[PDB]
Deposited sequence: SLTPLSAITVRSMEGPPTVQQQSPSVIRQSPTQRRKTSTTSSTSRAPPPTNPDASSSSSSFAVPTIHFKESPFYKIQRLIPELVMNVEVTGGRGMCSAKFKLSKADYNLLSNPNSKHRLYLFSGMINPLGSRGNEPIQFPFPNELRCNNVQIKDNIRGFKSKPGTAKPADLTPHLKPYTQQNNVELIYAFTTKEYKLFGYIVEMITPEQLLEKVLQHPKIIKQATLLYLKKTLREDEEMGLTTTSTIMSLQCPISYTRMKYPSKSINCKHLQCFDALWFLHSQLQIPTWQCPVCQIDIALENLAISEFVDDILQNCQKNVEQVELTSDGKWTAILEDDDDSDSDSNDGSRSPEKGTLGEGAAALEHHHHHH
């Protein structure tokens, strides 16, 4: 069922499913055979799939230090939101098996997300190159339909992403100075700023914040990213606002003080001027 006389995607039929992305993994290839459907049943039900890894595929996954993995995703055919921004959601309760082994809902990070809300790592249970693989999802008591996909994804590392932040135009000193003055105006002067990260409670090494952040206090981009990988909130640790990876930049002002202060100083006194002095 679909409109024969149209013009664009806006007017067609069945928006293609696209799982909400994470900067920690990148969907690279779809293993075609690994596509199952979960039906509506008041009892038990299951879907299986058999697939053999091609030459090109088995590779990325093989190597001992390979940043590639085979993830199984699940989403609803009729989600609350949009299929174009599909939430990862497996039916509950369920039991996933790969080549007769049960797959614990444990992957790299995302430890804050229950198992039904994150992809499943099939990789450590694949059979050798030339040898069919079997995946089986056992579910029960489903009121909605779900569709699963098998994707070879590339693990993106916290330090790799840090590189993207360092390669992003920093927040130049002039900006910080203008803010520091706008700040110091509303009074009843100097402000005390910490060189410590709110995330690590340790000396910062990569001072940062969203360019959208209205505050002097930065946080360590490395810790922020290691924190997001485990507990994906994507919220500033200081002002709690929503921040996107692309808007994360190093603060040149804070970086300067940090790269020119005694390894044991934990705070710095700032004057309307813009100059600073370590608080020993």
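A.B. asks: What stretches of this chain's deposited sequence are missing C-alpha coordinates?
C.D. replies: No C-alpha coordinates exist for 1-49, 238-243, 336-371.
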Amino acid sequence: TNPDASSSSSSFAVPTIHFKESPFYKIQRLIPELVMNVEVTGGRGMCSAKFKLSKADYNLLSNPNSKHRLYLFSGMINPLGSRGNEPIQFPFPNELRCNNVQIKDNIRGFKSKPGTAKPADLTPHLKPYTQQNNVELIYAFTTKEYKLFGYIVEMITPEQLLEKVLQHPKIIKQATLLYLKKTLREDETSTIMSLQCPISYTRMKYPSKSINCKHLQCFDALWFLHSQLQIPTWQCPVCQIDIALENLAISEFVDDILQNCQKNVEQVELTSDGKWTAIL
From here on, numbers count along this sequence of modelled residues.
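A.B. asks: Would you determine, from the values in the PDB entry, which of 131-139 and 107-115 has the greater average C-alpha temperature factor?
C.D. replies: Of 131-139 and 107-115, the stretch with the higher C-alpha B-factor average is 131-139.
A.B. asks: Return whichever of 22-30 and 54-62 has the greater mean Cα B factor according to the PDB record.
C.D. replies: Averaging CA B-factors over each stretch, the winner is 54-62.
A.B. asks: Return the residue from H215, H226, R44, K67 that has the highest Cα B-factor in the entry.
C.D. replies: Each of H215, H226, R44, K67 was compared by C-alpha B-factor; the highest is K67.
A.B. asks: Could you tell me which one of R83, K147, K181, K170 shows the highest CA temperature factor in the PDB record?
C.D. replies: Result of the comparison over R83, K147, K181, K170: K181.
A.B. asks: Ranking the modelled residues of this chain by C-alpha B-factor as given in the entry, is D187 in the lowest, middle or highest third?
C.D. replies: Answer is highest: the recorded C-alpha B-factor places it there.
A.B. asks: Among all modelled residues of this chain, ranked by Cα B factor, put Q102 in the bottom, middle or top third, i.e. lowest, middle or highest.
C.D. replies: Highest third, going by the recorded CA B-factors of the chain.
A.B. asks: Please place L126 in the lowest, middle or highest third of its chain by C-alpha B factor as given in the entry.
C.D. replies: CA B-factor rank for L126: highest third.
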